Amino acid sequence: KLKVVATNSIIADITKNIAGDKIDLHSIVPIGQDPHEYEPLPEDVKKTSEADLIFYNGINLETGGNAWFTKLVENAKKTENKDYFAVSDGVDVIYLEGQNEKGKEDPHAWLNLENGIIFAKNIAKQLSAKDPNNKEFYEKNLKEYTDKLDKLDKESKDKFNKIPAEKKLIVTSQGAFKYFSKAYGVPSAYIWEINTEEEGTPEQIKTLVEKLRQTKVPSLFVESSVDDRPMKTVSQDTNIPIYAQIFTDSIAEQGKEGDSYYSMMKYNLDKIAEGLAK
């Protein structure tokens, strides 16, 4: 079978929905781990060296900072757009501080479903090119899976459009929901920007608290992957309750709520819409 490596559980789950059991799939960053700052283990190095096809997020998720993915593919002697492919190719990127320069792209593209669909399209394209015997199967699965994501995307947009505008603000610890904000029309506010060295200082908390006191936002949210003490402080200082824990950069463990890219997104979209309608 085609040997495929995915960098994280979101990309691996989308890949499973296109390829089923036709491939031999290995995922590097385990469920619930950090897909930006990860140290590959010997098994990841071996599997990447042997792979026919490698999928990564791109847009600086795994190539910034310690650039773990760049080192991995260079040591594995794998070539860009031959052996490895960025599943975000074609997304309408968002830049940090609104400054268009290569390396300033915000990586969190999958938090809108139109981009999950683009991820799936790129995965199906490259599986078909490397394994043409199953091309019809990949194309069929792509159509079925993108229809499922598209339905959730339209349903979710209808929910958010109904919410009184004064309540529509997605508040999280890190600014990881800009793609969600762009697609669903819910502006973002957060404690620290992506790539800040200091996470949750008194100055950052105070800055967000002062912004939120001037708003009518009824609920706050907190990521399951971050220390919740900064947002709990923001919640107490503003008297705005934390409605729910939400997913950011991993799906849930198998058998739990949110254990696929689709179910992770359905949980997030439904809980954010519920909390903001309060």
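From 1 onward, residues are counted along the sequence shown.
K.L.:
For the higher mean C-alpha B factor in the entry, choose 153-161 or 185-193.
P.N.:
Stretch with the higher mean C-alpha B-factor: 153-161.
K.L.:
When the C-alpha temperature factors are averaged for each of 215-223 and 249-257, which stretch ends up with the higher value in the entry?
P.N.:
For C-alpha atoms only, the mean B-factor is higher in 249-257.
K.L.:
Highest Cα B-factor in the PDB entry belongs to which of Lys178, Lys121, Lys104, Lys135?
P.N.:
Across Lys178, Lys121, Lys104, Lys135, the entry lists the biggest C-alpha B-factor for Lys135.
K.L.:
Go through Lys82, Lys125, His108, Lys168 one by one and give the residue whose Cα B-factor in the PDB entry is largest.
P.N.:
Highest C-alpha B-factor among the listed residues goes to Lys82.
K.L.:
With respect to C-alpha B-factor, does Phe55 fall in the lowest, middle or highest third of the chain as deposited?
P.N.:
Within its chain, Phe55 is a lowest-third residue by C-alpha B-factor, going by the deposited values.
K.L.:
Would you mind ranking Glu139 by its C-alpha B-factor against the rest of the chain and naming the third, lowest, middle or highest?
P.N.:
As the PDB entry reports it, the C-alpha B-factor of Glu139 lands in the highest third of its chain.
K.L.:
Comparing against every modelled residue in the chain, figure out the third that the C-alpha B-factor of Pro202 lands in (lowest, middle or highest).
P.N.:
As the PDB entry reports it, the C-alpha B-factor of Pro202 lands in the highest third of its chain.
K.L.:
Could you tell me which third, lowest, middle or highest, the C-alpha B-factor of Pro30 occupies within its chain?
P.N.:
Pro30: CA B-factor falls in the middle third of its chain.
K.L.:
Using the temperature factors of the C-alpha atoms in this entry, rank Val93 within its chain: lowest, middle or highest third.
P.N.:
Its C-alpha B-factor, which the entry lists for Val93, ranks in the lowest third among residues of this chain.
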